[PDB]
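Given next are the chains, with one letter for each unit.
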Amino acid sequence: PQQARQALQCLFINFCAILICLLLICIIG
Amino acid sequence: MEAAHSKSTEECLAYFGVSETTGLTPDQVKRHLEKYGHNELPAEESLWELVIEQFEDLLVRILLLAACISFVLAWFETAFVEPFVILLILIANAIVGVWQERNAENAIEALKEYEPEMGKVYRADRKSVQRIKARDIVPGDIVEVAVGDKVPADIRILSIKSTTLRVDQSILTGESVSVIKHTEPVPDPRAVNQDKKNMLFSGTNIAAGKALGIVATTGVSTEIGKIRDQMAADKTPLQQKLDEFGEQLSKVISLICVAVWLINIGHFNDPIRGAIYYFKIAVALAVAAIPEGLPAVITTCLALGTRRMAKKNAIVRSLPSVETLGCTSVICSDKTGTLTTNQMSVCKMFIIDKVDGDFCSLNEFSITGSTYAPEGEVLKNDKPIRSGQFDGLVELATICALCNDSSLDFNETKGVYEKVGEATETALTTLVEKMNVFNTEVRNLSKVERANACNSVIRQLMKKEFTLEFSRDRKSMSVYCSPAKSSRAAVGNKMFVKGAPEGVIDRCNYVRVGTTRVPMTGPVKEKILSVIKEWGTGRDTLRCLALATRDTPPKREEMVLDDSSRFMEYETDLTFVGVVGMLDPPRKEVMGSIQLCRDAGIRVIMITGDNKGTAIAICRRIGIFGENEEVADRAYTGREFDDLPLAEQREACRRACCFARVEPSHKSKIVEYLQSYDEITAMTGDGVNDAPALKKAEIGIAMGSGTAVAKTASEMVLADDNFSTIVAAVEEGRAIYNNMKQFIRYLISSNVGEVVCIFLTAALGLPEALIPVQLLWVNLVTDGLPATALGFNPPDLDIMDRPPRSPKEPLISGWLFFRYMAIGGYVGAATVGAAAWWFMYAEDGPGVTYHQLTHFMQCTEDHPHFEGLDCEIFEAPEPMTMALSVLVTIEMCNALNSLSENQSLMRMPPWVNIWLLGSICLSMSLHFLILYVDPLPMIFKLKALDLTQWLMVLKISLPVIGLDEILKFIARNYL
Ligand SMILES: OC[C@H]1O[C@H](O[C@H]2[C@H](O)[C@@H](O)[C@@H](O)O[C@@H]2CO)[C@H](O)[C@@H](O)[C@@H]1O
Ligand SMILES: OC[C@H]1O[C@H](O[C@H]2[C@H](O)[C@@H](O)[C@@H](O)O[C@@H]2CO)[C@H](O)[C@@H](O)[C@@H]1O
Ligand SMILES: [K+]
């Protein structure tokens, strides 16, 4: 595991970015 | 030090307080490093700043203002949070796409660490020269530059070690004739660069010679550093074809968006005024469907690709060459560093045995051990033999030991005998140590002492007065020796000559037989030449050197030494002694590499210093030619090539796979002639002479272990000098391409889907299948998770079985643009069909199986005529979730169709890109949250039934995989 391990890092950042977006729509209300 | 050109060497050394023999101390380096900074342009300095960039777009803000006007009209009268939600989604769509772009750009920038600018200094801490990063060079240190080097800083020349120093300064001064240098002050302090003949400017080249100097200015203060400040700073063919297509797609979608604002003419009245509803729906499609600015995933697989390449030893210097790389149709490769290992070993040799009239017999020998170790036996007729019993071998060894600027060195940590000078010469040192012709005691010596023990026994019988260095016209070198301390019978001075057989044998009037001498005849010559040929042409394709002595050499003051062209004459009237045959095996991976090139339709041309006959034989061994192929028109020497008329020379390059013994100007010509057939050629090189050809070649390839000048003229550097590395770089080049096309296919179809989806609703007159915030929701999940996962999919399956891509090829073929529309058409219809299905044939309060839903517009007051049901089930929160869910799942499906350009999922299974599968599961677990976590479905729409409704979402979506399979079949089985 070396180069394939940067796919997990890439998606996790994008997941967090999308997830945070939803939780802010939750809080607003 | 501002005006160093006008001061003495002694003033410059004085100024920095530095010894010229010593160089700066670690303390001085430290203080100078603080005072003057690093030898570099200052780094130009983000996370938040780059997010605002996306919000500068006119069409993005048009949406926001429309959601503000829609919010203000509510507050003075779902619709309340709409402006808040869109903003949150669009910052998230920005963050996801801007974060990829920056990391790709950083990774690509970080390629520069593989081949960093280097310099040579003498510093006080070592006696030996130190190779360091130019970055760490400081004003005041002592610098060594020689042929092929890039000048690391602005340097006042201290002393010119070669007879003459030649410098290429064109990059600064426009003059492309290399320039002479001196050491005296140039008094005029106002003087122009052209006149500073004692100065070496950063960024320039040593075209010949060697010099020592003191650093005067670095970083910005340097001549080229001042220019690079004032300097202010071209699209590739595939960038033009992508931008142009970007505008063809952009304007069609922009027209269709306004066409959505038109066909909904009368509907501005239902619960000038309602146009703010259909305008804010049209603009959202524009923001989702039109790709404005380069999609980030593109730059990611270029970044991932050249990172892969660098790990496979291909260092990309020019990024546009990654595009050219998959178009290459010809590779020209040098043999020695590249096709072969360059590990030289003498495995055969012979001297003359008996001469009788026409009759000539030889003493042939073979030698075991192929590393540089002084370990192996000398065999004759396969029997171990002691070389000294043969007086001719004593003489042969004397030549090998004296015609040699190399030695061996035992490396005590590595436990290995290593080479000092040139591979070829060191192979001779090794040989000499194995022959031990004078039976010197060696068995009790340390390995350190053993390395050169026998060579020095020879080296103590004479003085090596001087060397007639090698030159290309004669293909031979020689040394001139007198007997040391005087032997018994004062035998005269001698010359020892080694070089290419053909040339040296012609200059022999005698042959040695034991210690006796005999006239050189035709019969003897023919016998000498036939064995040279057999060993050149046999299984081991040996490189032969002939060794001779000039028995009565000219007197010393008859010989001029600074004039290389008189050297051949001095090497005439020779006595042939013997021949050595060198091994230099092909690299293990090379036969396979050449076969890959055949398969990919790439011609390979070998260039070698070997004689013609040997050159061909090597080509049969490595698969360039067939072991029986006719070759008489496909193989040429530089001489034969020079004798051809121009049109014939051209025709020769159309078909030739083997050039032997070429003048330095031949590579360029070969490039030109190959270009006259629209060949995309890759050409290797390493010397200052290889630079012009590397420039002309579509891909110039420099050797990692070669000069900087060759590297500076190239697109790619081979870290391990290996031919296979090149082929593998073509392999990646083609892979990156197919990766772009896989992402391009998924992007265009999914956006086209968005368009066809919405257009169908407005065109027919159906009730909105997707609300704008829903559209901006799907547009974000796909571009965020699954779309970026395709940046991480493997090489496509048979990329080295298709021929090279043409540079004139269109980015998207008509057939491919069909695969974009047909797929995009089905998704658009499948989403609108999933909403319409709930109305038509679904058990949750339906419309009419004829056609009534079209006229949903007339209901609340128009109840008694043609309805008989409620009129708020058109604002229902279930048909819009069927449309959303079908889009999302068919998007995950369409991603599985982007695992390969033409391979079926039966050959390349869903689990090939295991990250894609992950991001899908992540996409589903996000979708099962805006339907179940109870504040969110209110801000969007409400959930779909636990079972029966999902089975429709799946039977609607899954045929997108089935469809693309047929289109892939009509591409696999079409070819
Ligand atoms: O270095 C001592 C060396 O000397 C002898 O080799 C002589 C040989 O006797 C002569 O024929 C003359 O040409 O010089 C040779 C090399 O110096 C010993 O035979 C030898 O073992 C020893 O190493
Ligand atoms: O062997 C016959 C040959 O002997 C002499 O040649 C010498 C030569 O002069 C020396 O320089 C020595 O290194 O090598 C030769 C012996 O192989 C005679 O001078 C010559 O005329 C005669 O033919
Ligand atoms: K080039």
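The PDB entry lists chain B under the name SERCA1a, from Oryctolagus cuniculus. Quoted verbatim from the Sequence similarities (unreviewed entry) field of the UniProt record, the comment on chain B reads "Belongs to the cation transport ATPase (P-type) (TC 3.A.3) family. Type IIA subfamily." What UniProt states about chain B under its Function (unreviewed entry) heading is, verbatim, "Catalyzes the hydrolysis of ATP coupled with the transport of calcium."

Caption draft 1: Spatial organisation of the coordination of the potassium ion (ligand 3). Residues and elements named next belong to chain B. Only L694 (O), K695 (O), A697 (O), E715 (OE) and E715 (OE) from the protein coordinate the potassium ion (ligand 3), and they sit 2.7 to 3.1 Å from it. Counting along the primary sequence, the residues that act as donors to the potassium ion (ligand 3) give the motif L-K-x1-A-x17-E. By relative accessible area, which is 0% here, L694 ends up buried.

Caption draft 2: Structural detail: the domain arrangement of chain B. Residues and elements named next belong to chain B. Annotation of chain B at the domain level lists domain 1 (1-50 + 117-231), domain 2 (51-116 + 232-328 + 729-975), domain 3 (329-341 + 586-728) and domain 4 (342-585). Distance between the C-alpha centres of domain 1 and domain 2: 55 Å. Together domain 1 and domain 2 conceal approximately 830 Å² of surface at their shared face, both sides included; 58% is due to carbon and sulfur atoms. Where domain 1 touches domain 2, the interface holds 0 salt bridges. The residue inventory of the side of domain 1 that touches domain 2, partitioned by class, reads 5 nonpolar, 1 polar and 2 charged.

Caption draft 3: Broad picture of the pairing of strand β21 (residues 508-513) of chain B. Residues and elements named next belong to chain B. For β21 and strand β24 (residues 574-583), the ladder comprises 3 bridges, and the chain directions are parallel. Residue pairing across strands places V511 opposite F576, the latter belonging to β24. Here 4 bridges tie β21 to strand β22 (residues 516-519), and the two strands are oriented antiparallel to one another. From the neighbouring strand, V511 faces β22, where its bridge partner is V518. What sits between the antiparallel neighbours β21 and β22 is a turn of 2 residues, in which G514 has the positive phi angle 65°.

Caption draft 4: Layout of the site of ligand 2. Residue and element names in this part refer to chain B. Near ligand 2 you find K494, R512, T515, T516, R517 and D551, and these make up its full shell. Residue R512 places a side-chain N or O atom 3.2 Å away from an oxygen atom belonging to ligand 2. Considered on its own, ligand 2 offers 470 Å² of accessible surface; in the complex 47% of this is hidden by protein. Within the shell around ligand 2, the residues separate by chemical class into no nonpolar, 2 polar and 4 charged.

Caption draft 5: Spatial organisation of the state of the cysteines. Residue and element names in this part refer to chain B. Inspection of the entire model under this criterion finds 1 disulfide over all chains. At a sulfur-sulfur separation of 2.0 Å, the disulfide partner of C859 is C871. Of note, the bridge from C859 to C871 carries an S-S torsion of about -65° and is left-handed in sense. Taken together, the residues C859 in the loop between α29 (814-840) and α30 (879-896) and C871 in the loop between α29 and α30 connect sequence positions 12 residues apart. Judged by relative accessible area, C859 falls into the buried class, the value being 6%. A relative accessible area of 21% means that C871 is categorised as partly exposed. Unpaired in terms of disulfides, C403 finds its nearest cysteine sulfur in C481, a separation of 7.9 Å.

Caption draft 6: Examining the pairing of strand β9 (residues 210-217) of chain B more closely. All names here are of chain B. Here β9 lies mainly inside the structure; 7 of its 8 residues are buried. Taken together, the 5 bridges between strand β3 (residues 142-146) and β9 define a ladder with antiparallel strand orientation. Bridging across to β9, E144 finds its partner in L212. Here strand β4 (residues 154-160) runs beside β9; their pairing, made up of 6 bridges, is antiparallel. Of the residues in β9, the one forming a bridge with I160 is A211.

Calculation criteria
Residues numbered from 1 in each chain as written, not as in the entry; some residues may be left out. Chains lettered and ligands numbered in written order. Heavy atoms only, no water. Residues with missing side-chain atoms left out of burial classes, pairs and counts. UniProt positions renumbered as here; feature names shortened; annotations may be inferred. Donors = N, O, S within 2.8 Å, 3.2 Å for Na, K, Ca; no water. Buried < 20%, exposed > 50% of the residue type's maximum accessible area, 1.4 Å probe, protein only. Domains from an automatic or database assignment. Buried area = accessible area lost by both parts, 1.4 Å probe. Salt bridge = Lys/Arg side-chain N within 4 Å of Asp/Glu carboxyl O. Nonpolar A, V, L, I, M, F, W, Y, C, P; charged D, E, K, R; others polar. Pairing = 2+ DSSP bridges. Helix = DSSP H or I, 4+ residues; strand = E, 2+ residues; numbered from the N terminus. Near = heavy atom within 4 Å. Polar contact = N/O pair within 3.5 Å; in protein donor to acceptor, adjacent residues only side chain to side chain. Areas by Shrake-Rupley, 256 points an atom, 1.4 Å probe, with all protein chains shown as cover. Disulfide = S-S within 2.5 Å.

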